[PDB]
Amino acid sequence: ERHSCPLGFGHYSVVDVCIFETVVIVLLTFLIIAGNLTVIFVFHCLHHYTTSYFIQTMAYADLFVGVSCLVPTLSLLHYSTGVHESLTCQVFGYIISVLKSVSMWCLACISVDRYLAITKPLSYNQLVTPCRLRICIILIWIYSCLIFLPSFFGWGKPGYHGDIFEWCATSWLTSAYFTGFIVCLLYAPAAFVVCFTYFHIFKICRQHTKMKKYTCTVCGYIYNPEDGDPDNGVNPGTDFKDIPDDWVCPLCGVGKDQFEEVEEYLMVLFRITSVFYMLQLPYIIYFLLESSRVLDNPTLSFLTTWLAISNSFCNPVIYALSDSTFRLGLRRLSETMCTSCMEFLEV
């Protein structure tokens, strides 16, 4: 299967061809499959519930991005089936664009859900239900498929996700009509949805100055400033900063040094949202310029394409690494291996 391998410009040879492209794809295919499979076995096999479902969905969306990315890696690894390249780069580029819309929308629905919880706190549970959230999921899956369905009916190229394959990078051409359609009906709406919700959510929060929770890095005790530690002289309504240095963890006795601020779940979702929408921003700028024929650059086409695909890997990393309990799981894991390493070494 022939590939478009523009990196290492003019330095490639019969043994060196498609090496920088192959490391990027093979790493991302691995990091996205592994990174989401860990998240769905730890948290998706008990938070704010509606968001827990949008996050669960975009976990399977991001996993199947990397599962699809097994196609380029195996073609780049000289494994082939007796099927035209024009077809496998047409199907893959469709599947990825759709999955990329499913995750992009999932982050737009979380943003609205958190908007509605904060703006209509009386009505929130009366607007959101287990049937409404379930019909909202399938409408993302239907809408995403239908914005990238024209590619199968001669409207043009819906992205550069298959431009690693030769046929898609030189034979299929993006049409400004099709690109404008996608941008206006998918990229522009989600971007404005998440810009309006997170602007107003932080507009409201900036007035209401809530006191920060802190967790014990050793055992996982949460100092909740609304409760305090009344047994040990700590009045409720005292921030962690105000407790004297003398104070110690009630569950294990470690000092105020061993306590990290518990990050707010909204702020985690704003980070996942800003990383995701910023990692595919270069790719939409290139997608607009090339469709407008103001620019053609296969290297800029490849970097922005895989910089976007990489946000299927950042999603599970921001989510698990912003959570205090997952982190503790890893520190207890290292110790389990260490004490067993001290033990297996007793010989």
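Numbering starts at 1 and runs along the sequence shown.
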Checklist outcome for this item: Between residue 294 and residue 295, the number of deposited residues left without coordinates comes to none
Checklist outcome for this item: Mean B factor on CA atoms, stretches 306 to 314 and 48 to 56, record says higher is 48 to 56
Item to check | Between the two ranges 214 to 222 and 235 to 243, the one averaging a larger CA B factor in the entry | outcome: 235 to 243
Checklist entry - If you compare 248, 108, 131, 102, which has the highest Cα B-factor in the entry? => result 131
Next on the checklist: Between 122, 96, 188, 118, which one tops the list for Cα B-factor in this entry?
Outcome noted: 122
Next on the checklist: Which third, lowest, middle or highest, does the C-alpha temperature factor of residue 148 belong to within its own chain?
Outcome noted: highest
Next on the checklist: Using the temperature factors of the C-alpha atoms in this entry, rank residue 319 within its chain: lowest, middle or highest third.
Outcome noted: middle
Checklist outcome for this item: Among the modelled residues of its chain, the C-alpha B-factor of residue 289 falls in the third labelled middle
Checklist entry - Is the Cα B-factor recorded for residue 29 in the lowest, middle or highest third of its chain? => result lowest
Item to check | For residue 266, the third of its chain into which the C-alpha B factor falls | outcome: highest
